[PDB]
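There is one chain below, alone, in structure tokens, taken in the form deposited in one PDB entry.
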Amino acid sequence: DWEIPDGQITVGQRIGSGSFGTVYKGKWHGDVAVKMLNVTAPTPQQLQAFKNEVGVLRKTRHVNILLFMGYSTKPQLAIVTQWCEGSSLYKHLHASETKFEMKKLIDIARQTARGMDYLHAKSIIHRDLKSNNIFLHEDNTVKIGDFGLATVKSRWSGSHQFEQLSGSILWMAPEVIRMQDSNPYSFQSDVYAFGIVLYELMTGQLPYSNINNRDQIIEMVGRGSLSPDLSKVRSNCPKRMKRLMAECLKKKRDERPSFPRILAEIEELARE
């Protein structure tokens, strides 16, 4: 039982907000983050999606997954997690332009693969892996989460989500950008998104920087005539890492490796 009784959490500064909820810093036996719906009486849909998220988080005990701590239903449906100081990998690579040594870049890839390997072993498909969803706790430890879910983006309704493409387009596998289905999401589309994260780590920049419109990326990635340019990778990038990236980014999902083998390859590369 992880329900936190009403009145125990002290809700603090507002941290993030969108059409589907708000996240605050709070206090409950130390620092916590608290994500709640902006509404008063949830629709059955809103309640059930809340339960889906809690049921995913309740399955996770791993140092590279953000730690779920509890939930509450009075007065608002809220999810409580550990509070992490630091910032997303996206901020580090593309805003502060932190200068990570190659060793630390590989360490970040390795911790990300540990968390993703764990999630897939728990039959959890992430659906929105990207560098903004990889938090560097004290700029050292990877915490995978979905930092847009139920604030800026809605919770999942099948394979639909409001603001689905928002800040996510560059990480979407070809079969996800097309959605010739009712579920394109799989372990293999998580693997593709991880390949794009590897691209960010090894180039320091976002793919398709030269393309001038989103719909262009939509069309050409869904068509198979657009792919990350692996020649823009830094010179100190290990040969193994370029091979691995190319494997994760393959157009047909069944050709991509799985995270057990991804992780073992990165572990080998880290050993050097």
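Shifts are known only where both forms have a C-alpha. So that the term is clear: the rigid core is the largest set of C-alpha atoms that superpose within 1.5 Å between two forms. The first residue of the sequence shown is number 1, and the count goes up from there.
What follows is about the form deposited in another entry, which we do not show.
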Choose, among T73, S166, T141, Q82, the residue with a C-alpha displacement of 2 Å or more between the shown form and the other one when the rigid core is used for superposition.
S166
Core-superposed comparison between the shown form and the other one, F259 Cα displacement 2 Å or beyond:
no
C-alpha of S19 off by 2 Å or more between the shown form and the other one on rigid core:
yes
Pairwise C-alpha change, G167 versus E101, in that other deposited form against this form - closer or farther, 3 angstroms or more:
farther
Once you account for a change of 3 Å or more, let me know if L105 and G167 sit closer or farther in that other deposited form, using their C-alpha atoms.
farther
What stretches, three or more residues long, have all their C-alphas moved by 2 Å or more between the shown form and the other one when the rigid core is held in place?
18 to 20, 38 to 40, 148 to 151, 161 to 167
